[PDB]
Amino acid sequence: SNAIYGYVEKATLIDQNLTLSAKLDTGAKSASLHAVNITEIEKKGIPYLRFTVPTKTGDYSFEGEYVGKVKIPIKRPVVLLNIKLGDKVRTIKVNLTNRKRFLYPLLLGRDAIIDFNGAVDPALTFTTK
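Residue numbering for the sequence shown is 23 to 94, 110 to 166, as defined by the entry's author numbering.
Dropping the structure here:
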């Protein structure tokens, strides 16, 4: 690893310049994002999902490559999402989840933390400053 993040960080979904509080959760493999109004489209025979992220400042619409489904025994779709954490940008697989009960709209699991080459110190928050 080359960075040590706290267990909560601000992360930006760069397509909409949307900064969210994200929990960095080493107990989960997958990343997840609450999203609503999910629709499948095809761009040149490649499936994408269009979806909304709802927030206190209103709704943000995204499109992401539709790369699979995973069981959580509910199956949810997995899309690719461009995410900035500190000065690093990565394209990360995220589950689009239905639950509107939660503290943090974005959860980054082990795969995402590894993509960012990070370790997590749970004594800290918002190390990206």
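The beta-carbon is built from N, C-alpha and C at its ideal position, and this holds for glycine as well.
Exercise. In this structure, does DSSP put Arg127 in helix, strand or coil?
Worked result: Taking the sequence shown and counting its residues from 1, one reaches residue 127 at position 90. Strand at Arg127.
- Would you identify the three-state DSSP class for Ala149, choosing helix, strand or coil? Taking the sequence shown and counting its residues from 1, the one referred to as residue 149 is at position 112. Here DSSP, grouped into helix, strand and coil, assigns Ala149 to helix.
Original post:
In this structure, what does DSSP give as the bridge partners for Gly86?
Top reply: The residue given as residue 86 occupies position 64 in the sequence shown. Note: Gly86 sits in a beta bridge opposite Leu71.
What are the boundary residues of the beta strand (DSSP E) that includes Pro114?
Taking the sequence shown and counting its residues from 1, the one referred to as residue 114 is at position 77. 112 to 122 is the extent of the beta strand (DSSP E) around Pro114.
**Asked** In or out: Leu161 buried (at least 16 other Cβ within 10 Å) or exposed?
**Response** Residue 161 sits at position 124 when you count from the first residue of the sequence shown. So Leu161 ends up on the exposed side.
Answer with buried or exposed for residue 103, where buried requires no fewer than 16 other C-beta atoms within 10 angstroms of its C-beta.
Here residue 103 is not present, the numbering of the chain passing from 94 to 110 in one jump.
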